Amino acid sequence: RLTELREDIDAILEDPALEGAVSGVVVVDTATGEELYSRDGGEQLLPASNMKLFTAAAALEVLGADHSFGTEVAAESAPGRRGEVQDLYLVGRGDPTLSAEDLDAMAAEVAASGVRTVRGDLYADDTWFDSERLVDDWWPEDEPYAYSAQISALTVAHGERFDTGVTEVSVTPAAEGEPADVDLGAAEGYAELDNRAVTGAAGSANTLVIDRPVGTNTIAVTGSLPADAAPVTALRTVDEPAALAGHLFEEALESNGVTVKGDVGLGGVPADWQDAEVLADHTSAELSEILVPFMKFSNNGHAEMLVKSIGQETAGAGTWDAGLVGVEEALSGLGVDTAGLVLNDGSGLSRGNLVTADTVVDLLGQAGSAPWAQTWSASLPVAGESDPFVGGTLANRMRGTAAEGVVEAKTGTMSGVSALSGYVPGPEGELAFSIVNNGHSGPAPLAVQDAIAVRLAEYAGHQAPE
């Protein structure tokens, strides 16, 4: 058994896919508390998205699994006669789930409260958080994609997965030689557009390219899409999430009989109206719930918003520095020795982050005993599970093995970095394990991971399906 499992893991770690790579692998039994396996457990390594474990085990400590984020609209004073108001501020406070409709339900309320004309400018206020959009060491080349969307307190979230600070761009073919049709999704009318994409012959090489050149708010498209090609869509971030939530809400009011004479812009409530009238409000779901679409798909923008949210709680400052300090200590009050830790962000996107397989495992145990241990274990990706909201980043891994429907682990992928940490619940023992790989030069060593996971699934007393 134990004397056996060792040789197995060792052999799996001898995979050529890991040459030159440093691997942090640690396995412990959450019950007995016995150390089943350990190789370089103390080595500091980049955790990539596995950093989200620390971020989630802290948000639940700081904000409570019942936490809810709210949004609001306000004017100095309510309307009356011709139901006319001056300036209006869209004020949000870190809701990571603001839907387009959520804004439309508020556009309606604004009208349902008598307003019929906004003779003033339409400002968007997101001061609950600082205006520091990206972590200092993130790379600017990664700024056009959903993974690296700017952080703001007031940002619109796309789809059922809540991809924040982004817009869905679409490219539809035409006739060979004619320009292609580009729709900018929500950022239509907001972000600029430079359509250089043509429609290529039917059966031609698709060479489409959707970009947001650094430093601008322009969605650029180049290359060509074949005439016979199927319509393409793609998430893209926008400069200043708030200004877009501002643009959409402006469109939303207009869709609810409220005319806006002034301009739409970035601004905070004057701090001159200590008792402004709150024309409408919105409350999101509880963190316990938002947890799911966070840890299953590793929402990066969610992670950072939580961090800062922790920074507003523990110290009234929507900031990373304050947020991270909160996480560090919250992980300490949770009983986690945070010595080998180095927190530079909440998502794991930063190469300034560092953990040790032991610190990860440590965190796994402690979190299992917290009064929120269930809403936490359930947020984790389940192996081999076909349904996106259950399998998450593990929906296409370990299908048909003892690990199917069993392993609850968190992933982490980055250039030269990959990780898998979680629990393997088996009648033969509750298990917590961490696998961190840094330095390999080829693709993520999934098979190596899966192999160890699936072997643990067995060690825990599971069998592969027939």
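The first residue of the shown sequence is 1; numbering continues from there. By rigid core we mean the largest C-alpha set that fits within 1.5 Å across both forms.
Colleague: Which of the two stretches, 270-278 or 381-389, moves more in 9 other deposited structures of this protein when the core is held fixed, judged by C-alpha RMS distance?
Modeller: Output: 270-278, the stretch lying farther off on average in 9 other deposited structures of this protein.
Colleague: Taking the root mean square of C-alpha distances over all structures and residues in 9 other deposited structures of this protein, with a rigid core superposition, name the larger of 207-215 and 76-84.
Modeller: Greater root mean square C-alpha distance in 9 other deposited structures of this protein: 76-84.
Colleague: 25-33 versus 48-56: which one carries the higher mean Cα B factor per the record?
Modeller: Mean B over CA atoms: larger for 25-33.
Colleague: On average, are the C-alpha B-factors higher in 319-327 or in 176-184?
Modeller: Higher mean C-alpha B-factor: 176-184.
Colleague: Whose CA atom has the top B-factor in the entry, of 237, 199, 131, 71?
Modeller: That would be 71, according to the entry.
Colleague: Could you tell me which one of 380, 166, 248, 343 shows the highest CA temperature factor in the PDB record?
Modeller: In this record, 248 carries the highest C-alpha B-factor of the candidates.
Colleague: Would you mind checking where the Cα B-factor of residue 453 ranks among the modelled residues of its chain, as the lowest, middle or highest third?
Modeller: Tercile = middle for this residue's CA B-factor.
Colleague: Comparing residue 297 with the other modelled residues of its chain, is its CA B-factor in the lowest, middle or highest third?
Modeller: Ranked within chain, residue 297 CA B lands in the lowest tercile.
Colleague: Where does the C-alpha B-factor of residue 254 rank in its chain, lowest, middle or highest third?
Modeller: For residue 254, the deposited C-alpha B-factor lands in the highest third.
Colleague: Please place residue 409 in the lowest, middle or highest third of its chain according to the CA B-factor in the PDB entry.
Modeller: Residue 409: CA B-factor falls in the lowest third of its chain.
Colleague: Please say which third, lowest, middle or highest, residue 312 falls into when its CA temperature factor is compared across its chain.
Modeller: For residue 312, whose C-alpha B-factor we compare with every modelled residue in the chain, the answer is the middle third.
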